[PDB]
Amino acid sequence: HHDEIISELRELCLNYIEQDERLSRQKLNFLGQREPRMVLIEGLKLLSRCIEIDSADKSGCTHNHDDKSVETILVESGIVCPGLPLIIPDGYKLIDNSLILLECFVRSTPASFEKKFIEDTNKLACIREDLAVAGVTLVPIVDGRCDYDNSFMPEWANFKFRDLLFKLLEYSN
């Protein structure tokens, strides 16, 4: 049954995902879903959020909890940068006149890993000069990962959570 899969996903979320406050909102969004395709989508977002927070912590920056744009981040610290592409980083840290910007990703093949690393590098590089004129030095960080492992979940639970999400995806295919 699809209800059994959903119930297993619920118990993994509650018992095996570390109780970090930054995950609370997404865990609740996930637990509030009863429709299989919505459980699947919120489950993918939950596992992605674990990876992003893990990357922000390892990179020494603040996880972009409320999906703020670079434009928004600078405005909130009293920095005016007019005419700037829409970039939503995974992490950020405005320190003195330096703006740490973090992009993280997961790729499973070396060729897709390198392609994505170069794309994320170019994405951040595009705003270096725009920030420089506003007196801000870009510190761009690209964190590429080869798997979906993170500090908030034991490896077996992360694997089981992905196995259950796949069964839910098959049920909706």
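Heads up: residue numbers just count along the shown sequence, starting at 1.
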**Request:** Return whichever of 105-113 and 63-71 has the greater mean Cα B factor according to the PDB record.
**Result:** 63-71
**Asked** Mean C-alpha B-factor higher for 131-139, or for 22-30?
**Response** 131-139
**Prompt:** Is the Cα B-factor recorded for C126 in the lowest, middle or highest third of its chain?
**Reply:** highest
**Prompt:** Within this chain, which third does the Cα B-factor at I5 fall in: lowest, middle or highest?
**Reply:** middle
